[PDB]
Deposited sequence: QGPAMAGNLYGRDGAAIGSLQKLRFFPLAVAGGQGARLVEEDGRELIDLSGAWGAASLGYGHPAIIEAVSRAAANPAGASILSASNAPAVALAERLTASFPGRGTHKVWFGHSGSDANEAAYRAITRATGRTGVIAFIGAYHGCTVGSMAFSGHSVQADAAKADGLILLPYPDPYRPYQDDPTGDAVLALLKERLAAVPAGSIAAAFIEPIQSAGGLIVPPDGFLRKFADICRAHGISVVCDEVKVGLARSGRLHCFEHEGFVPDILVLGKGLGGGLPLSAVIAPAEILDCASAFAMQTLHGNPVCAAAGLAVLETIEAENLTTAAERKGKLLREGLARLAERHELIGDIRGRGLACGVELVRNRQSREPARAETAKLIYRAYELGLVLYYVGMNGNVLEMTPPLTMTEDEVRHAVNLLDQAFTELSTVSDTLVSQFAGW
């Protein structure tokens, strides 16, 4: 790399910021954003089908986010919820509880999905005395020591795991455990694992209602309701992690609304803040009131980020974004089915609303994953003006989680750009794509 490429924004990023937190697939180097488009240092525009991993729920520069953040910065109700009550945080907590099936639940605020899942686990173990926990292989609950302890994805494979962690296979309709498409075999497994440990010893069960980093996997019909029944028969708290697929994105406000059960605890994050760091736990009062000064960080519940979160909730109502996500997700999956009529690499199209996955395979009969082709496809897409990433334990699932405010015209254009990327993925050399580590 010569001095011009070293001196550009991507080169500067390599010299100034450590690799420790990087997850890079192509040399995306951003200086601005407007609507559903990113703008690079050189001025090139790109359509963002990733929506910053679902964080950009209202896109970039939405008037309701500008209004809220500018107003709170000019007259901030202090900087915290720890040693003061503040008006924006309390208003946000009452709006979140009103959205969840009155009187029984309170809120905890954090910065991230990692800190929220960690606080939910510590609180249950403090309040019940129980130390064990159930979660899934492929599950992504965070990237801190406390949240990696009950995760199951490759990012957390070398982390220290909780005492009494029971890790189960997540039932995948495309690759079913024990060749049982229903998931009943995973339920029977859970019952056997509970019998090998002392009774009443499990505090909690963490579940994603659609596994995202694990592969954009929607579980079989009725599995999650049956799983939640088992847990309730053993006195185990059911924690629904909606950090990625929550808050209108599924075509219902809360993803569990598709699944015929109500969890004990709901965890929120990513698009809750609209581009600012904001997470929440909605839990029984007895769980969140078992201690004080116990799980706290100084800027938790700051009024700037709370104002952004109130703007996201208000805009979901005012712009009818739950219905929009349902309608636009149908249009996107219809487009992708037309591409599958010519591109044999597409093996499966799945998801809910504007949480969509397309699984790439070397052959439709064998279902053998196509990792190398997936990495080149998204590189070619980036060259053509479209940003998307891949997920899954085999690296072969394209993920689409656009801003909820993406237009229909933008959805159609993105499908057309993807068609070209499928046709021309082999134009990206082996040597170029190997400069990006991915996951």
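Taken in order along the deposited sequence, the one stretch absent from the coordinates is 102.
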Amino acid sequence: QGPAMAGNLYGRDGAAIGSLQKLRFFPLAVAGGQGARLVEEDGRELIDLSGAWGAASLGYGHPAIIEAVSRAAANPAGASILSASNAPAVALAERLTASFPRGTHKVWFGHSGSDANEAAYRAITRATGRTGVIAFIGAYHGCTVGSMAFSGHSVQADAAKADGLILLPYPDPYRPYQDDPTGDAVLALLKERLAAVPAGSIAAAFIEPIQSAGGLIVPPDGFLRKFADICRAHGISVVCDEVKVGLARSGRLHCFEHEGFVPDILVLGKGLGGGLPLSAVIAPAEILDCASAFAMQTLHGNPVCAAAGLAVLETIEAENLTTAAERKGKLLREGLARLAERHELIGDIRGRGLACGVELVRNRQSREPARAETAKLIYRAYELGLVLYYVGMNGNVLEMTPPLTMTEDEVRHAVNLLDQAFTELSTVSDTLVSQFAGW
From here on, numbers count along this sequence of modelled residues.
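According to the PDB record, 193-201 carries the higher mean C-alpha B-factor of the two stretches 67-75 and 193-201.
Averaged over CA atoms, B-factors in the entry run higher in 184-192 than in the other of 265-273 and 184-192. Reading the B-factor column for the CA atoms of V245, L165, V218, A295 in the entry, the top value corresponds to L165. The entry lists C-alpha B-factors for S151, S99, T322, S112, and the highest of these is at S99.
Sort the chain's modelled residues by C-alpha temperature factor and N86 lands in the lowest third, per the entry.
When all modelled residues of the chain are sorted by CA temperature factor, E118 is found within the middle third. Among the modelled residues of its chain, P171 has a C-alpha B-factor that falls in the middle third, as given in the PDB entry. The deposited CA B-factor of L339 belongs to the highest third of values across its chain. In the PDB entry, a CA B factor belonging to the highest third of its chain's modelled residues is recorded for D229.
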